[PDB]
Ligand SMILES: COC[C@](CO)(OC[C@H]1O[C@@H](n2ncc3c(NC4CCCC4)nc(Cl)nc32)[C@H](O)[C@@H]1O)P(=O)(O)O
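Only one chain is shown below, in structure tokens, and it's the form deposited without this ligand.
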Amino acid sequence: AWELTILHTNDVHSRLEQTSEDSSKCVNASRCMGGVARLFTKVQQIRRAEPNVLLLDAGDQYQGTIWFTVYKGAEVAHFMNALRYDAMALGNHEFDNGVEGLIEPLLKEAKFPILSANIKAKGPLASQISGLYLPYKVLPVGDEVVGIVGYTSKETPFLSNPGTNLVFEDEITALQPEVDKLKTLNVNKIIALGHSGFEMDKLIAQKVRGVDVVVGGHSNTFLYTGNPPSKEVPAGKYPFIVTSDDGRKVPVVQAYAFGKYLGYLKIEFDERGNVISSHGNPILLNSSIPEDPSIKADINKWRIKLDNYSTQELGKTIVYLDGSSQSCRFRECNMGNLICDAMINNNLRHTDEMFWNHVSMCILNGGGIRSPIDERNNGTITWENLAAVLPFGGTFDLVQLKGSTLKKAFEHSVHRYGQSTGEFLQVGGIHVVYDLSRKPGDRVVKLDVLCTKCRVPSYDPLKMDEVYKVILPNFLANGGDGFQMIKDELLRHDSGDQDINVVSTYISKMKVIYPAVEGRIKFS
């Protein structure tokens, strides 16, 4: 009977201008991808072709690139309003600059609703933030009515800096009542939209009752049926199918990340509001699809401050930052000692009153350190000087590990010494010792970490059966450089912020840095 098509994006992570196939930065215009203008083009074509359409976003279009560091959420709102977004949910990176950084730019200028149904305010923050986000919405699509409902992750307090007067409940219990009410409102078509992950999406399609479709994200998952057109390996079919406990078929969808793809799911309903048929596949925005000038002009005029700002002073140094290759891959090098300090300074959250902070450790490999920095230019540091050290557009990732995978990593890092290999590890919050005269696999003799279950920080030994939360780059978590143990024996993974921004905020705060070689690594 009734038909609608659904267009969704997720986890753009500030890839606002056109990008490469690895979604880092593209220099050959003839083989490039993504962008917001190309997306405008495709969206407008589909909108003219079809009468019933929905464009949705599932959160996390804030951390990444250099547009967020400078403007801080204004570009998001501007170009979302330009594209005619029909709704939006809240992710975990919308709270990076705090709620005060959320409310003004996004929540007040946006012309479209923002949703979450497990987020509740207590105390003085109840008056301020009431009326600005909603648990659910009703929209007239075509000649019918469509009900929406939102949800958001529960680990946001440990993955961002929201506050202490915002609560994050369980998804299912906070979701069911609104569905029930919506049904009592004579509304029979329901869509869930949220930023929680894939597995929880699956559970919401089994435990919750009344949900016709589930749109989601936060896991960076690829769903294709057929033959993939590019590098990404699909984890499943496109309209994923799950048998609900109430005897129904409920799809699930997710369009990878950045802007490399788009979603396109067509549905067929009946007179009562039940899903009959579902088919589609994600779109790939190659150069075959042209751009839209009225957007590129606006982008080009907004890009000036980006270049004006990359030649400016952030801070100062009085020492030589040896980001060389004969040092950072053979011994301890003070650039890493600077880098992990910033990494931790970023991961400072809340005092549970039984711990001073949940994570107290760093790991970093020497292959991610390209160039040095010399202090003989008035003692000045610039964004370019940093981009020349970390030229990959990576991220610093929070994970969990046992106490044995870590020893495996520290033993693999030193099993072939003397070849300028990028497997040497710079550390933070760790005291380690080596003895290179022993057989490979048994070269680590001492290893000490930093107490968290403790009011006074102190260095304690390692227990080969305990969970430790650690920070390390995405290149390592996905198994780069021979670190398969990490990708095989981890117990969770959450993405983080851009590296250059981390270091940038560290340096703009200290305002003068004199890092030193201390003895976090030594040989006996």
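Residue indices: 1-based, along the sequence shown.
The discussion below concerns the form solved in complex with this ligand, not included here.
**Student:** Hey, in the bound PDB entry, does residue 334 get a heavy atom within 4.5 angstroms of this ligand?
**Tutor:** Flag for residue 334 set to no.
**Student:** Residue-level question: is residue 422 within 4.5 Å of this ligand in the bound PDB entry, judged on heavy atoms?
**Tutor:** Yes.
**Student:** With heavy atoms only and a cut-off of 4.5 Å, decide whether residue 220 touches this ligand in the bound PDB entry.
**Tutor:** Yes.
**Student:** Taking heavy atoms only, is residue 161 within 4.5 angstroms of this ligand in the bound PDB entry?
**Tutor:** Close contact exists here: in the bound PDB entry, residue 161 approaches this ligand to within 4.5 Å, heavy atoms only.
**Student:** Of 367, 135, 142, 273, which one comes within 4.5 Å of this ligand in the bound PDB entry, counting heavy atoms only?
**Tutor:** Checked against the cut-off, the match is 367.
**Student:** Between the options 329, 412, 189, 443, which residue brings a heavy atom to within 4.5 Å of this ligand in the bound PDB entry?
**Tutor:** Checking each option against this ligand in the bound PDB entry, the one that comes within 4.5 Å is 329.
**Student:** So, 216, 469 and 494: all three within 4.5 Å of this ligand in the bound PDB entry by heavy atoms, or not?
**Tutor:** No, the whole trio is out of contact, none within 4.5 Å by any heavy atom.
**Student:** Can you say which of 91-99, 273-281, 338-346, 241-249 gets within 4.5 Å of this ligand in the bound PDB entry, counting heavy atoms only?
**Tutor:** Result of the contact check: 91-99.
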